[PDB]
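Residue numbers begin at 1 in each chain, while the letters A, B, ... track the order of the sequences. Indexing begins at 1, ligand by ligand and atom by atom, following the structure's order.
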There are 4 protein chains.
Amino acid sequence: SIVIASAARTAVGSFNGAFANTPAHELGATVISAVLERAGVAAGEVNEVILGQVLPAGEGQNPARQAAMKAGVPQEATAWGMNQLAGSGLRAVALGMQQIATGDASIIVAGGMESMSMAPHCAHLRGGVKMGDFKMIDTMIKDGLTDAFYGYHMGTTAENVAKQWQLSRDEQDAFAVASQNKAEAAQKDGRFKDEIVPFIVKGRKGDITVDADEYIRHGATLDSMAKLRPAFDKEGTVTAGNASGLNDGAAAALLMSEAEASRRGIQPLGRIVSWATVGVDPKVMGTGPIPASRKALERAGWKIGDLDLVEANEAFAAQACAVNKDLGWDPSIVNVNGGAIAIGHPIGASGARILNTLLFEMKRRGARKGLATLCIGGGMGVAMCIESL
Amino acid sequence: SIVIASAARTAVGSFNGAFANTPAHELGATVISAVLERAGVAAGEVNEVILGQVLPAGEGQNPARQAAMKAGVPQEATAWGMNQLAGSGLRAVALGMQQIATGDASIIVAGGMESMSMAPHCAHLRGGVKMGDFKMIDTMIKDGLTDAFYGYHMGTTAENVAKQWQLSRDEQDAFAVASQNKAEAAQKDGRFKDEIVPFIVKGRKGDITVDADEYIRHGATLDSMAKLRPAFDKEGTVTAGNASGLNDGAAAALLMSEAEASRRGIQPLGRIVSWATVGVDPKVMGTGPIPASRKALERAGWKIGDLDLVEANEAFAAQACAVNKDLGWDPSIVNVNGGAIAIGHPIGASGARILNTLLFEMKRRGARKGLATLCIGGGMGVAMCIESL
Amino acid sequence: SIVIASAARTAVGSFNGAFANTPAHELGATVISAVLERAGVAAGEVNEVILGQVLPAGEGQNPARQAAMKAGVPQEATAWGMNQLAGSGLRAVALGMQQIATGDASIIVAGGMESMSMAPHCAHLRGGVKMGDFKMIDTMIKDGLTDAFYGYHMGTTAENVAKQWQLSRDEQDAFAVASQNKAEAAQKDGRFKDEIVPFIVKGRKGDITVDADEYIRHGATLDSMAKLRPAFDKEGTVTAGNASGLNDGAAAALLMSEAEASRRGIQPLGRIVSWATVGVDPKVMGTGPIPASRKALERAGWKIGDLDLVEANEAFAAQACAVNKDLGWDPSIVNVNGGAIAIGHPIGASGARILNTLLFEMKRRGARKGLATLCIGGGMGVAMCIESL
Amino acid sequence: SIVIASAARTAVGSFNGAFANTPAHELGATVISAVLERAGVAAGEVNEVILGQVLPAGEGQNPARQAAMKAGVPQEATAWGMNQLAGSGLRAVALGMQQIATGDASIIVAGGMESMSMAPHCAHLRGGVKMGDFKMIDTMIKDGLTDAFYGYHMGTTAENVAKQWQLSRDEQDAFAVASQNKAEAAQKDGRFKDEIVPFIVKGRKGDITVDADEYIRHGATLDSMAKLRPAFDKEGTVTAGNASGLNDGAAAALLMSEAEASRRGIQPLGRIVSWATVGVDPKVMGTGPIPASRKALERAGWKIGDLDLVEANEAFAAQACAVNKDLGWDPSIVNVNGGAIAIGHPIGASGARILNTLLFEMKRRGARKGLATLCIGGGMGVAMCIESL
Ligand SMILES: CC(C)(COP(=O)(O)OP(=O)(O)OC[C@H]1O[C@@H](n2cnc3c(N)ncnc32)[C@H](O)[C@@H]1OP(=O)(O)O)[C@@H](O)C(=O)NCCC(=O)NCCS
Ligand SMILES: CC(C)(COP(=O)(O)OP(=O)(O)OC[C@H]1O[C@@H](n2cnc3c(N)ncnc32)[C@H](O)[C@@H]1OP(=O)(O)O)[C@@H](O)C(=O)NCCC(=O)NCCS
Ligand SMILES: CC(C)(COP(=O)(O)OP(=O)(O)OC[C@H]1O[C@@H](n2cnc3c(N)ncnc32)[C@H](O)[C@@H]1OP(=O)(O)O)[C@@H](O)C(=O)NCCC(=O)NCCS
Ligand SMILES: CC(C)(COP(=O)(O)OP(=O)(O)OC[C@H]1O[C@@H](n2cnc3c(N)ncnc32)[C@H](O)[C@@H]1OP(=O)(O)O)[C@@H](O)C(=O)NCCC(=O)NCCS
């Protein structure tokens, strides 16, 4: 019915790294441009651009429209942003599918983008501070990483899952080190080459082309993982090593109907067979993928064992281990090229980021059935089922 | 197929007025609670809440979810926010409809919420300011009201439309005054009573219940409109009097299928027969409703003359006049109870706000066919067609 | 040897009151102009302007020079600012005296100015805040009212003196009320008329002439004083009522040698017979005046009983009582026209402010010997002995 | 009469370099401790500390007292800061000399300190910003480097002096290069070793001892100088190369009477024979040293040809050349060990900084008569004559 014709992502940048001063929409325009090129679709044929973005403060009116216009998508098209936290990037794709499914659009570019680096500090000053000190608020932490109900960082929700599922520091570290090793191997063997489009960081004393995931550490040791101090609980288990990072990037997919791709002679990256989103307790939001993946599979008519490949986002080693444990899918088909502990976690973009990695690995090993899933702050999960054509 | 079972909205607050220190999600919870109570639907039955919001900076993770959970919608449900600027509140509804149409939900609460009063000032300070002054940026102006492609206020786009359509200061002021006069008459006659749910502003030296639109001026004279200076062009035509204001409010609709409503014994407020969104030049974005409405009616199979009632959002008198002039619908069926010049423009809520006004007027006078439309910053428009059951 | 030929001050403004948006140098220029006029001395004859100022942040290069130049003091003369906190205003006069005594200058305009209202908030941001919230620092608190060695407000140092000297809440309130009643009586009787020069607050919809001390409250009851909550210690004795306020204002004196005034036919306000400055424990800085006055009286060769009039700055009721109690001078000859609890406490200007009060009262009642003294943050005191000619 | 018993300074740190995060008073406390040690005077014996500081915003109450107390000067001594911009450090010494000459003190530590790196950005926010963007004001530029009468940088005042004195780009560059070469030669020859006391920059992953001037560039070519673009006038002559920098540091001298050094068996670095300060046009403030030095020499009863050594502060190549040209002293005896273009310009400290350089060179070559002078923003200059014993 609805297919993914082409996809593309920027490299994921380190916090205040390669893309430290690059607005999100600049990354999404590059990505929008890339999916057009890959599909053989002209920007004039695009009906709407949908881009997940959790932290747009300061970047001006509707950055999704800014991206679309910059990529040369005509003014006649539309664009909008949405926010389901780390779910955003993938949810945008499901949302883009529904446009075509209900007959309101034919061609949709959908994904996510995020510049955690460029997120500003803020304060509400309209009423005026009569007297005393006031906080300038880091919008990345406030609006991206803090739970609104319990007031703690997502890492504390990772601790909740760890205790509940009795996951040791050592077990979380092994998972972490493994993510790094798989991603380093993938990177060196060229397996991110297909999915990555280069990004030119414009300069004044020179332009810089970034075409590699810079957050991936080389020769990651178990020792140096075990040496780290707990990051959120001074007698806790979750660390800066076994948690994902703060990162920048964008990622997208071009969607159309299966019959339309056939007319164009496009050979799609996959067909979207189903998706699902479900809520869980905020305190254990890392478990979101469990009901969300089960639901998606149920909608697809698939057994857990039918999946040949899986991308389950690594917000924290604690949560990823829990999800794998409960769902019980073959861990060897999961995050085959590493995950967000190594690659990075650009919130609004990660859902589309991990879709890209799924799609291109599926194609390269000739996998038929895949699933992509992410946990989401405030207690949600999202999943999507993809089949090869 | 898809019906609006119930709807509700807060009063619209004046900038730094009654809701000066009320977070947007607090207004959306009230609104969510009200649509549930009006439809005879319990919170536990809601699958997902979808709330438009352009300015959530500083408010924490996913305000849509905060709204939902405060209304007692269970943690198993999902929630997300979205931004198509002024289109957001109505687009959220069309997006809710599609969840049910594609069979992914049964019961959606959709609309918009906005606290322009509580929007913070900000600055990107990670790299640091080595030397020299920097700007603290008002996010309301930056992310709400400024065009990203030309750098000027929406008021300027309103200037652009006035010149293109040769609309005098005097004609714009006549419209402005009429809007106020219709809105005051409606207010005093009690015509907003049906659609408004009261909001309790919590206190410390006293709670305050707000159930009237406080931005509406009483005894608005033409004289006092004509005495105002131009706001965006010191030799211009647009003024604070003939533009919409800066405001606070939330508004929503509870969606389900027509067959579901029937099972429940609900008499819906209307059936969504169609919606549309289309792009126009950023410089003349006020003209967005023209193609968007024409498309929506084409999709509904309706003639312009088939509409019995119309809500066309008054972002500025210049654009509203241009929209009416081009579409040529009977201006006496348009904004019958007044519009945003009088009522106010809480950006991300406005589209569900004017849906509410359409729906309760349609019901009270027995109108069969209605249409709602808004212009959108950066050159877009959105429209939705509604028919009574 | 060295005489005060003339003197003048602005009225003392309330915090964010009449001088809410008035830079300090503007107040200082008015005061400079006033002392010239009163002495019959042309600006061109001035050698140097010395102005005390604790909170010049944001106002631009050397506000003392700005004040001098705007008062039409020629570009040949010199000007500088200096900081000994609350002792700055009176210290400037002593420093100006030394300029003439060492033979480096003939004519000096010395005093102090302060705009606590215009003091900005700040943050060091060159390094750049990589991540997390940061504080914007109210420089009035940080640089004006916080102890550098123990990190607490000057009201804590008043709490220290209160416990040490066993001064009750009731005793401090009796002193506070008395200061208000003496100041209101003086004001209505026109005893501040001679010292005050009016300041014109430039406006856009109208100019405003301020020539009365606005911080003096009329009909100050003991009841309303006793109803106030402790300000710095939630089981303490110091309050907003029995402490001085945050205030704006400027004050100065014109200095020359005794023989110079005689040549010019000027009848001076007083001769500077001596001065002194001494340190005490930071924790009990309010006690500064004790050693500083005893030193000054030793240098002047005076007994404490020789003083006919005294101005002992009321930073806090607790400290002012302690100073009076130790020194044991007649409390009826101290702060005859009230003090800073009623009049206000513009840190940099206060020293010269109370000098003016001392001088014009000395003249009107014909007092021969006078003394002015102030406690200084960080544990210091300053005093000056004056004799009429 | 009054002698400089000892002297010391920190190295001068580059902008955001070695002292990037070091509060000024910390550098002052080191310099206070140094001069005590060198003179063989105990901290207990000091009466008062005088420290010039132009940019103390954010550092708390009276940093002069913070320095004195950290250096172990007892709470019975007094301490204050002053501001005559670049003239402050040397003026402090003069002011300290007068304390002893007027009999109010015996032993004074006087000089200057500045952390231009630690100067914060600020904004007046009491009134509160109703709407729109507002500037965060860099207090370094605003209070340090901007003219309060004409509103342009000090580099523009240098442009005025250049045009006025017809000083070419090539002449200014030849002076700049020479300053860098003389300083580098002096550095390698160990001529700054005597005056410099090391500063320990406290750390967390290690302490760092700074004891060399880091702003001095090695191998300064005329080519690289001439390649630079104009800094303040896009068709101008002043550059970052031929102007002094933005720096951090501190410097002081211990003052006592001549007979007091003789009692103590101290051989002073010099006797302060005279000082002087005079104003000029703000537009051409760089000419300040001219009248100020001519006045000082007239007070000292010296001819310009009697001077054996001179320190004339190099704020800008343009002004320095003009001063040298007018006064016509032998340029080979001026800034023998280089100047501020090479060594750096920590505004408040420079006046005490160059005093040190003057003194320790006078001792090492056996010069009898010496002079120090600095231009001062807003059109002033200061100068002091020193004679060896
Ligand atoms: C955990 C977190 C707070 C850490 O932030 P941080 O302290 O600034 O990160 P840093 O890398 O600077 O600090 C960790 C230290 O451990 C080291 N480190 C990090 N990963 C390591 C690894 N895998 N092996 C060895 N050392 C490692 C770093 O080098 C650093 O030390 P250094 O500064 O000397 O180099 C942050 O990454 C985070 O909040 N991530 C979670 C995001 C999230 O919640 N996502 C949303 C959920 S869907
Ligand atoms: C126009 C706008 C900038 C307000 O500017 P402002 O001058 O700062 O606001 P004010 O209300 O104070 O305007 C000035 C005066 O107009 C007066 N005024 C406004 N409406 C009036 C009325 N109809 N009758 C008489 N006077 C009126 C106000 O009372 C005010 O009086 P004052 O000067 O004594 O305070 C703001 O309302 C706006 O930009 N809204 C546009 C909405 C928008 O861009 N929406 C997005 C597009 S979809
Ligand atoms: C103590 C301090 C925080 C109080 O300032 P503030 O809280 O902004 O003052 P407020 O207006 O909020 O005072 C609260 C109330 O107390 C009342 N109050 C204060 N002084 C009063 C008095 N003299 N008599 C009766 N009522 C009084 C006010 O009317 C006010 O009423 P409101 O809250 O309804 O407006 C402030 O003045 C301070 O830091 N003191 C400076 C003392 C000082 O150190 N001076 C320099 C020497 S080192
Ligand atoms: C002129 C001034 C504004 C320059 O500030 P700046 O723009 O930050 O200058 P920079 O340090 O960035 O210089 C730019 C580059 O030129 C080079 N350059 C500067 N001076 C040079 C010189 N002396 N020789 C060779 N190259 C030089 C530097 O290597 C620097 O390299 P970068 O690319 O890594 O930055 C600053 O020095 C200033 O405000 N002057 C102080 C004078 C003043 O007003 N103080 C009080 C006077 S009374």
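- A:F15 is listed as a side-chain neighbour of B:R126, based on a closest heavy-atom distance under 4.5 Å.
- The side-chain heavy atoms of A:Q61 and B:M154, taken from C-beta on, include a pair separated by under 4.5 Å.
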Mind listing the N or O contacts between ligand 4 and protein, cut-off under 3.5 Å?
residue  : atom   : partner : partner atom : Å
ligand 4 : 20 (N) : D:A240  : O            : 3.3
ligand 4 : 24 (N) : D:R217  : NE           : 3.4
ligand 4 : 26 (N) : D:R217  : NH1          : 3.3
ligand 4 : 26 (N) : D:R217  : NH2          : 3.2
ligand 4 : 29 (O) : D:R217  : NH1          : 3.4
ligand 4 : 33 (O) : A:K205  : NZ           : 2.8
ligand 4 : 37 (O) : D:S244  : O            : 3.0
ligand 4 : 39 (O) : D:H153  : NE2          : 3.1
ligand 4 : 40 (N) : D:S244  : O            : 3.0

For residues 224-232 of chain B, which side-chain N or O atoms pair as donor and acceptor with protein atoms under 3.5 Å away, sequence neighbours left out?
residue : atom : partner : partner atom : Å
B:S224  : OG   : B:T221  : O            : 3.1
B:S224  : OG   : B:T221  : OG1          : 2.6

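- Between the side chain of B:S88 and the main chain of B:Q84, a donor-acceptor pair closer than 3.5 Å is present.
- The backbone N or O of A:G219 lies less than 3.5 Å from a partner atom in the side chain of A:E184, making a donor-acceptor pair.
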**OP:** Carefully, step by step, assess B:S179 and B:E314 under the rule side-chain hydrogen bond (donor to acceptor under 3.5 Å, both in side chains).
**Re:** CA-CA 9 Å; B:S179 184; B:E314 301 161 11; 2.6 Å; yes
